[PDB]
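Visitor: Input: one structure, supplied below.
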Amino acid sequence: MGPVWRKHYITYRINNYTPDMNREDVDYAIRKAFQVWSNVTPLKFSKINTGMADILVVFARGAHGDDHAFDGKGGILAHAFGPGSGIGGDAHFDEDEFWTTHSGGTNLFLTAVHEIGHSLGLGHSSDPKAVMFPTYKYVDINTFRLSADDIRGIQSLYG
Ligand SMILES: NC(=O)[C@H](CCC(=O)O)NC(=O)c1ccc(-c2cc(-c3ccccc3)cs2)cc1
Ligand SMILES: [Ca+2]
Ligand SMILES: [Ca+2]
Ligand SMILES: [Ca+2]
Ligand SMILES: [Zn+2]
Ligand SMILES: [Zn+2]
């Protein structure tokens with residue numbers, strides 16, 4: 001076992017917003033990506049705007065203060081730290097991508113589902129249909145479902 005949150009109530013804060021999307025569409029995409037994971041575990045997520053959030057969502061570019069710089073458009077789309085205090089849990093999105101609500105550019109909701117997986121403690125899947133597969137794939141958002149391998153992974157950590 002990798003690190004896991006020791007509690008089932010987890011807060012998140014959106015540190016800043018990409019100018020690529022409307023603020024409301026970023027909030028929705030993030031809220032829906034947490035909901036994917038809450039639907040198969042005992043976890044609950046609440047958004048705060050001040051105070052001490054466990055998972056900070058950041059948009060940043062290039063070398064942005066942790067050891068893992070971003071690489072411009074393409075390649076690394078985002079990354080996240082596993083459960084822990086401070087930077088633990090935090091999910092950072094490369095502003096050099098073009099974030100969207102749809103199939104164009106890079107879909108924020110799907111990328112956030114994957115990154116939130118890492119923020120909760122998952123590694124990668126070798127199942128091509130699992131959201132935790134190492135490479136991005138757009139899949140129809142309205143019918144999106146976690147694969148059984150994703151659900152096995154997250155239920156092996158939280159129950
Ligand atoms: N390519 C990279 O270097 C980074 C490394 C950081 C990480 O692995 O989080 N990876 C990504 O940027 C990244 C990888 C996968 C995904 C996504 C995979 C899927 C997906 C959906 C259905 C089936 C398979 C994958 C949607 S987003 C998003 C970003
Ligand atoms: Ca944190
Ligand atoms: Ca990039
Ligand atoms: Ca951008
Ligand atoms: Zn980072
Ligand atoms: Zn990943």
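By convention in this document, the chains of the structure tokens carry letters A, B, ... by their order, each chain's residues are numbered from 1, and ligands are numbered from 1 in the order they are shown.
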Find the residues near ligand 4. Use a cut-off of 6 Å, count only C-alpha atoms and all ligand atoms, and write them as a PyMOL selection string.

Guide: chain A and resi 20+95-99

Visitor: Could the residues in this selection be written to a file with C-alpha atoms, as an mmCIF file, in the first residue's frame?

Guide:
data_model
loop_
_atom_site.group_PDB
_atom_site.id
_atom_site.type_symbol
_atom_site.label_atom_id
_atom_site.label_comp_id
_atom_site.auth_asym_id
_atom_site.auth_seq_id
_atom_site.Cartn_x
_atom_site.Cartn_y
_atom_site.Cartn_z
ATOM 1 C CA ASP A 20 -9.196 28.981 -21.147
ATOM 2 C CA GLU A 95 -1.672 25.945 -18.220
ATOM 3 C CA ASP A 96 0.215 25.453 -21.519
ATOM 4 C CA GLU A 97 -2.605 23.050 -22.453
ATOM 5 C CA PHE A 98 -5.923 24.341 -23.775
ATOM 6 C CA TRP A 99 -8.478 23.214 -21.172
#

Visitor: Show me which residues line ligand 6, defined as having an atom within 7 Å of a ligand atom where only C-alpha atoms and all ligand atoms count, and present them as an NGL selection string.

Guide: :A and (79 or 114-115 or 118 or 123-124 or 132 or 134)

Visitor: Would you write out those residues with C-alpha atoms, as an mmCIF file, in the first residue's frame?

Guide:
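Ended up saving to part15.cif:
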data_model
loop_
_atom_site.group_PDB
_atom_site.id
_atom_site.type_symbol
_atom_site.label_atom_id
_atom_site.label_comp_id
_atom_site.auth_asym_id
_atom_site.auth_seq_id
_atom_site.Cartn_x
_atom_site.Cartn_y
_atom_site.Cartn_z
ATOM 1 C CA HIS A 79 0.158 15.781 -12.165
ATOM 2 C CA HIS A 114 -7.345 10.856 -13.392
ATOM 3 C CA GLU A 115 -5.446 13.288 -11.245
ATOM 4 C CA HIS A 118 -3.589 9.966 -7.809
ATOM 5 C CA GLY A 123 -1.146 4.496 -9.315
ATOM 6 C CA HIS A 124 -1.552 3.675 -12.937
ATOM 7 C CA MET A 132 -6.001 5.453 -14.516
ATOM 8 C CA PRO A 134 -1.137 6.429 -18.247
#

Visitor: Just want the residues within 10 Å of ligand 5, written as a list in words, counting only C-alpha atoms and all ligand atoms.

Guide: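 The residues within 10 Å of ligand 5, counting only C-alpha atoms and all ligand atoms, are residues 57, 58, 59, 60, 61, 62, 63, 64, 65, 66, 67, 68, 69, 70, 78, 79, 80, 81, 87, 90, 91, 92, 93 and 94 of chain A.
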
Visitor: Can you write out the residues you just picked, keeping N, CA, C and O atoms, as a JSON list (two decimals), in the first residue's frame?

Guide:
[["chain", "number", "residue", "atom", "x", "y", "z"],
["A", 57, "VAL", "N", -6.17, 22.53, -5.99],
["A", 57, "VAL", "CA", -6.18, 22.48, -7.45],
["A", 57, "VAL", "C", -5.52, 23.75, -8.02],
["A", 57, "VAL", "O", -5.91, 24.85, -7.71],
["A", 58, "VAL", "N", -4.46, 23.57, -8.81],
["A", 58, "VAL", "CA", -3.64, 24.74, -9.29],
["A", 58, "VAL", "C", -3.50, 24.62, -10.81],
["A", 58, "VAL", "O", -3.34, 23.51, -11.35],
["A", 59, "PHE", "N", -3.51, 25.76, -11.48],
["A", 59, "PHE", "CA", -3.09, 25.84, -12.87],
["A", 59, "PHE", "C", -1.77, 26.60, -12.91],
["A", 59, "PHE", "O", -1.68, 27.68, -12.38],
["A", 60, "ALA", "N", -0.76, 26.02, -13.53],
["A", 60, "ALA", "CA", 0.58, 26.58, -13.52],
["A", 60, "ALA", "C", 1.35, 26.17, -14.75],
["A", 60, "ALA", "O", 0.94, 25.28, -15.45],
["A", 61, "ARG", "N", 2.46, 26.83, -15.01],
["A", 61, "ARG", "CA", 3.22, 26.48, -16.19],
["A", 61, "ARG", "C", 4.68, 26.29, -15.86],
["A", 61, "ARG", "O", 5.16, 26.76, -14.87],
["A", 62, "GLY", "N", 5.35, 25.52, -16.69],
["A", 62, "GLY", "CA", 6.79, 25.37, -16.58],
["A", 62, "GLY", "C", 7.22, 24.93, -15.21],
["A", 62, "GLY", "O", 6.62, 24.03, -14.65],
["A", 63, "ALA", "N", 8.23, 25.59, -14.66],
["A", 63, "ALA", "CA", 8.77, 25.21, -13.31],
["A", 63, "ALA", "C", 7.93, 26.06, -12.37],
["A", 63, "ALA", "O", 7.85, 27.32, -12.52],
["A", 64, "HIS", "N", 7.16, 25.36, -11.50],
["A", 64, "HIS", "CA", 6.14, 26.06, -10.72],
["A", 64, "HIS", "C", 6.20, 25.65, -9.24],
["A", 64, "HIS", "O", 5.17, 25.76, -8.52],
["A", 65, "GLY", "N", 7.41, 25.38, -8.75],
["A", 65, "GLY", "CA", 7.70, 25.40, -7.35],
["A", 65, "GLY", "C", 7.72, 24.08, -6.68],
["A", 65, "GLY", "O", 7.88, 24.02, -5.48],
["A", 66, "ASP", "N", 7.61, 23.00, -7.47],
["A", 66, "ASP", "CA", 7.75, 21.67, -6.87],
["A", 66, "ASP", "C", 8.85, 20.94, -7.67],
["A", 66, "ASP", "O", 9.50, 21.49, -8.56],
["A", 67, "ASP", "N", 9.08, 19.68, -7.45],
["A", 67, "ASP", "CA", 10.32, 19.27, -8.23],
["A", 67, "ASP", "C", 10.09, 18.89, -9.68],
["A", 67, "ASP", "O", 10.99, 18.44, -10.40],
["A", 68, "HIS", "N", 8.86, 19.07, -10.13],
["A", 68, "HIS", "CA", 8.38, 18.41, -11.34],
["A", 68, "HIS", "C", 7.86, 19.39, -12.31],
["A", 68, "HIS", "O", 6.65, 19.72, -12.40],
["A", 69, "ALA", "N", 8.74, 19.98, -13.08],
["A", 69, "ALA", "CA", 8.28, 20.99, -14.00],
["A", 69, "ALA", "C", 7.39, 20.51, -15.13],
["A", 69, "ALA", "O", 7.53, 19.33, -15.57],
["A", 70, "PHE", "N", 6.56, 21.38, -15.65],
["A", 70, "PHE", "CA", 5.76, 21.09, -16.76],
["A", 70, "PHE", "C", 6.59, 21.34, -18.07],
["A", 70, "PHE", "O", 7.73, 21.91, -17.96],
["A", 78, "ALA", "N", -0.91, 17.20, -16.62],
["A", 78, "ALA", "CA", -1.21, 17.50, -15.25],
["A", 78, "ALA", "C", -0.44, 16.51, -14.37],
["A", 78, "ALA", "O", 0.09, 15.52, -14.91],
["A", 79, "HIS", "N", -0.35, 16.76, -13.10],
["A", 79, "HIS", "CA", 0.16, 15.78, -12.17],
["A", 79, "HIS", "C", -0.37, 15.99, -10.79],
["A", 79, "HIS", "O", -0.94, 17.03, -10.51],
["A", 80, "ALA", "N", -0.23, 14.99, -9.90],
["A", 80, "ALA", "CA", -0.78, 15.14, -8.56],
["A", 80, "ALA", "C", 0.00, 14.37, -7.55],
["A", 80, "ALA", "O", 0.55, 13.29, -7.92],
["A", 81, "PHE", "N", 0.00, 14.90, -6.34],
["A", 81, "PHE", "CA", 0.76, 14.23, -5.30],
["A", 81, "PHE", "C", -0.17, 13.32, -4.53],
["A", 81, "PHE", "O", -1.33, 13.63, -4.28],
["A", 87, "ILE", "N", 1.88, 19.69, 0.40],
["A", 87, "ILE", "CA", 1.65, 19.52, -1.04],
["A", 87, "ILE", "C", 0.93, 18.17, -1.34],
["A", 87, "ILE", "O", 0.44, 17.98, -2.44],
["A", 90, "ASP", "N", -2.15, 17.48, -3.69],
["A", 90, "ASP", "CA", -2.47, 18.59, -4.57],
["A", 90, "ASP", "C", -2.39, 18.19, -6.00],
["A", 90, "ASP", "O", -1.59, 17.35, -6.39],
["A", 91, "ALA", "N", -3.20, 18.83, -6.82],
["A", 91, "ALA", "CA", -3.32, 18.45, -8.26],
["A", 91, "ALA", "C", -3.01, 19.71, -9.09],
["A", 91, "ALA", "O", -3.65, 20.74, -8.94],
["A", 92, "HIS", "N", -2.05, 19.57, -9.97],
["A", 92, "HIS", "CA", -1.61, 20.74, -10.73],
["A", 92, "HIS", "C", -1.81, 20.50, -12.22],
["A", 92, "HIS", "O", -1.55, 19.36, -12.73],
["A", 93, "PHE", "N", -2.39, 21.45, -12.91],
["A", 93, "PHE", "CA", -2.74, 21.32, -14.31],
["A", 93, "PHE", "C", -1.84, 22.25, -15.12],
["A", 93, "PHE", "O", -1.70, 23.43, -14.74],
["A", 94, "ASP", "N", -1.31, 21.76, -16.27],
["A", 94, "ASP", "CA", -0.38, 22.58, -17.08],
["A", 94, "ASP", "C", -1.17, 23.63, -17.90],
["A", 94, "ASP", "O", -1.96, 23.32, -18.76]]

Visitor: Do you know which residues are within 12 Å of ligand 2 using only C-alpha atoms and all ligand atoms? Can you write them as an MDAnalysis selection string?

Guide: chainID A and resid 5 10:15 51:58 80:92 116 119:120

Visitor: I need the chosen residues saved as a PDB file, in the first residue's frame, with C-alpha atoms.

Guide:
ATOM      1  CA  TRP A   5      -6.056   9.651   3.525  1.00  0.00           C
ATOM      2  CA  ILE A  10     -11.678  15.649   2.302  1.00  0.00           C
ATOM      3  CA  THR A  11     -11.710  19.286   1.355  1.00  0.00           C
ATOM      4  CA  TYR A  12     -10.435  20.878  -1.837  1.00  0.00           C
ATOM      5  CA  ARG A  13      -9.797  24.430  -2.916  1.00  0.00           C
ATOM      6  CA  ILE A  14      -9.380  25.817  -6.377  1.00  0.00           C
ATOM      7  CA  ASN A  15      -6.304  28.031  -6.091  1.00  0.00           C
ATOM      8  CA  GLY A  51      -8.836  27.893   5.268  1.00  0.00           C
ATOM      9  CA  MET A  52      -6.926  24.659   5.041  1.00  0.00           C
ATOM     10  CA  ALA A  53      -7.910  22.424   2.134  1.00  0.00           C
ATOM     11  CA  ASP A  54      -6.461  18.935   1.749  1.00  0.00           C
ATOM     12  CA  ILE A  55      -6.403  18.938  -2.068  1.00  0.00           C
ATOM     13  CA  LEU A  56      -5.376  22.201  -3.733  1.00  0.00           C
ATOM     14  CA  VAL A  57      -6.177  22.479  -7.453  1.00  0.00           C
ATOM     15  CA  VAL A  58      -3.641  24.735  -9.287  1.00  0.00           C
ATOM     16  CA  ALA A  80      -0.784  15.144  -8.558  1.00  0.00           C
ATOM     17  CA  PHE A  81       0.764  14.234  -5.298  1.00  0.00           C
ATOM     18  CA  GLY A  82      -0.484  11.284  -3.301  1.00  0.00           C
ATOM     19  CA  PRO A  83      -2.182  11.668   0.134  1.00  0.00           C
ATOM     20  CA  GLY A  84      -0.205  13.614   2.780  1.00  0.00           C
ATOM     21  CA  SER A  85      -0.005  16.972   4.436  1.00  0.00           C
ATOM     22  CA  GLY A  86       1.105  20.156   2.641  1.00  0.00           C
ATOM     23  CA  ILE A  87       1.653  19.521  -1.037  1.00  0.00           C
ATOM     24  CA  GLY A  88       0.258  15.980  -0.526  1.00  0.00           C
ATOM     25  CA  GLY A  89      -2.949  15.558  -2.426  1.00  0.00           C
ATOM     26  CA  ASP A  90      -2.471  18.592  -4.568  1.00  0.00           C
ATOM     27  CA  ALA A  91      -3.316  18.453  -8.263  1.00  0.00           C
ATOM     28  CA  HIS A  92      -1.610  20.739 -10.732  1.00  0.00           C
ATOM     29  CA  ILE A 116      -7.908  13.029  -8.381  1.00  0.00           C
ATOM     30  CA  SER A 119      -4.541  12.551  -5.067  1.00  0.00           C
ATOM     31  CA  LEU A 120      -6.490   9.672  -3.411  1.00  0.00           C
TER      32      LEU A 120
END

Visitor: Extract, using only C-alpha atoms, all DNA, RNA and protein residues at most 12 Å from residue A:126, discarding same-chain residues fewer than 4 positions from it, and format them as a count of residues only.

Guide: 10

Visitor: Give the alpha helix (DSSP H) residues of chain A, as DSSP finds them on the backbone, and put them as JSON, numbers by chain.

Guide: {"A": [23, 24, 25, 26, 27, 28, 29, 30, 31, 32, 33, 34, 35, 36, 37, 38, 108, 109, 110, 111, 112, 113, 114, 115, 116, 117, 118, 119, 148, 149, 150, 151, 152, 153, 154, 155, 156, 157]}

Visitor: From the options A:76, A:108, A:146, A:122, which residue's atoms come nearest to ligand 1, counting only C-alpha atoms and all ligand atoms?

Guide: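 Using only C-alpha atoms and all ligand atoms, ligand 1 sits closest to A:76.
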
Visitor: Return the single residue from A:8, A:106, A:50, A:24 that is closest to ligand 3, with distances computed using only C-alpha atoms and all ligand atoms.

Guide: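 Of all the options, A:106 lies closest to ligand 3.
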
Visitor: With distances taken over only C-alpha atoms and all ligand atoms, which residue among A:2, A:71, A:154, A:145 lies nearest ligand 3?

Guide: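 Closest to ligand 3, using only C-alpha atoms and all ligand atoms: A:71.
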
Visitor: Write out as an MDAnalysis selection string each polymer residue whose atoms come within 9 Å of residue A:26, counting only C-alpha atoms; drop sequence neighbours fewer than 2 positions from it.

Guide: chainID A and resid 17:18 21:24 28:31 100:101 108:109

Visitor: What gap, in Å, lies between atom 1 (N, counted along the ligand's line) of ligand 1 and atom CA of residue A:48?

Guide: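 About the pair atom 1 (N, counted along the ligand's line) of ligand 1 and atom CA of residue A:48: they are 28.8 Å apart.
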
Visitor: Pick the closest to ligand 3 from A:74, A:113, A:41, A:47: which is it, counting only C-alpha atoms and all ligand atoms?

Guide: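 The answer is A:74, which sits nearest to ligand 3.
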
Visitor: Using DSSP on the backbone coordinates, identify the residues of stretch 9-153 of chain A assigned to strand (DSSP E or B); present them as a list in words.

Guide: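 Those residues are residues 9, 10, 11, 12, 13, 14, 44, 45, 46, 47, 55, 56, 57, 58, 59, 60, 78, 79, 80, 91, 92, 93, 94, 99, 100, 106 and 107 of chain A.
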
Visitor: Of the candidates A:40, A:141, A:33, A:157, which shows the shortest atom-to-atom distance to residue A:6, using only C-alpha atoms?

Guide: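 For residue A:6, the nearest of the candidates is A:157.
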